[PDB]
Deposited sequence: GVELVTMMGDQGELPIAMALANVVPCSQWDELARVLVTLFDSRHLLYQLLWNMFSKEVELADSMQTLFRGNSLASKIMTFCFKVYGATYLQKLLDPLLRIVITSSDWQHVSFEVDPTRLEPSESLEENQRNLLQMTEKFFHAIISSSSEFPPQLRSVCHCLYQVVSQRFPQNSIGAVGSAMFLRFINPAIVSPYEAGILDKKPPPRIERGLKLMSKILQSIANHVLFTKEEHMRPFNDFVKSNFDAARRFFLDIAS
């Protein structure tokens, strides 16, 4: 009965050291082939204690930190082999520009042409992800399914969305925004590229969250691209879970 004692002792650890706790819990229960049983308890204890789906895996709770740790530990080599060929193609790539904010646009550059280079890059990344189902590491599929199984107990009509937004917000998009810090590249990209990657991760997050741009005025023109990729994203998530 290893799990009920680990759950009792986790109550004691204060909030300052939840990072080490998640690492210790996952390394401990995986080496005993019980990772799925740990994730089920932790994920169940944050779905049962949620008022609604709006506030569910948001923020950085202990269960959230365990989930992020798992994505980072079991998807590390999958994300690098998947994103590295695409990052090195847009880095090395002549006279491309990604600034789509009119307040920050250089006078020489065109807005309507800079919007098309962002969308062109977004397809290549988006299409690569939804076609990567067969290279998914198995440990990562069980993490995603366990989340899907737990959230469906109380929120069947939103389970597919929770898994997709979780994977994009805490796994894929962090890597795209800062590839050097995630180990994918060996050097920070040039500032023109870093700007595009950050803007693209915003577009991909909208598709995963199944919601359109309604805040920044300069991101609304991408709402048509976002609508046309909702279903393709839900089909990819339905496969992983």
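In this chain the deposited sequence has gaps in the coordinates at 1-11, 104-106, 256, listed in sequence order.
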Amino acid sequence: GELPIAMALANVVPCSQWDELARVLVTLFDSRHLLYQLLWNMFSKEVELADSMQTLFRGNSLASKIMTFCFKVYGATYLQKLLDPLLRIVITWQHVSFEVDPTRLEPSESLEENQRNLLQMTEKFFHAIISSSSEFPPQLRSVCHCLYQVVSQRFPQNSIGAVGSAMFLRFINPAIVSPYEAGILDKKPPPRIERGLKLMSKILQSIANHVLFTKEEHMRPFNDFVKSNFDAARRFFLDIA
From here on, numbers count along this sequence of modelled residues.
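Of the two segments examined, 147-155 and 95-103, it is 95-103 that shows the higher average Cα temperature factor in the deposited entry. Comparing the deposited coordinates for 182-190 and 61-69, the stretch with the larger average C-alpha B-factor is 182-190. Per the deposited coordinates, the residue with the largest Cα temperature factor out of 204, 199, 53, 176 is 53.
Among all modelled residues in its chain, residue 161 ranks in the middle third by Cα B-factor.
In the deposited entry, the Cα temperature factor of residue 132 sits in the bottom third of values across the chain's modelled residues. Remark: residue 86 belongs to the highest third of its chain, ranked by C-alpha B-factor as recorded. Sort the modelled residues of the chain by CA B factor and residue 111 lands in the highest third. In this PDB entry, residue 49 carries a Cα temperature factor that places it within the highest third of its chain's modelled residues.
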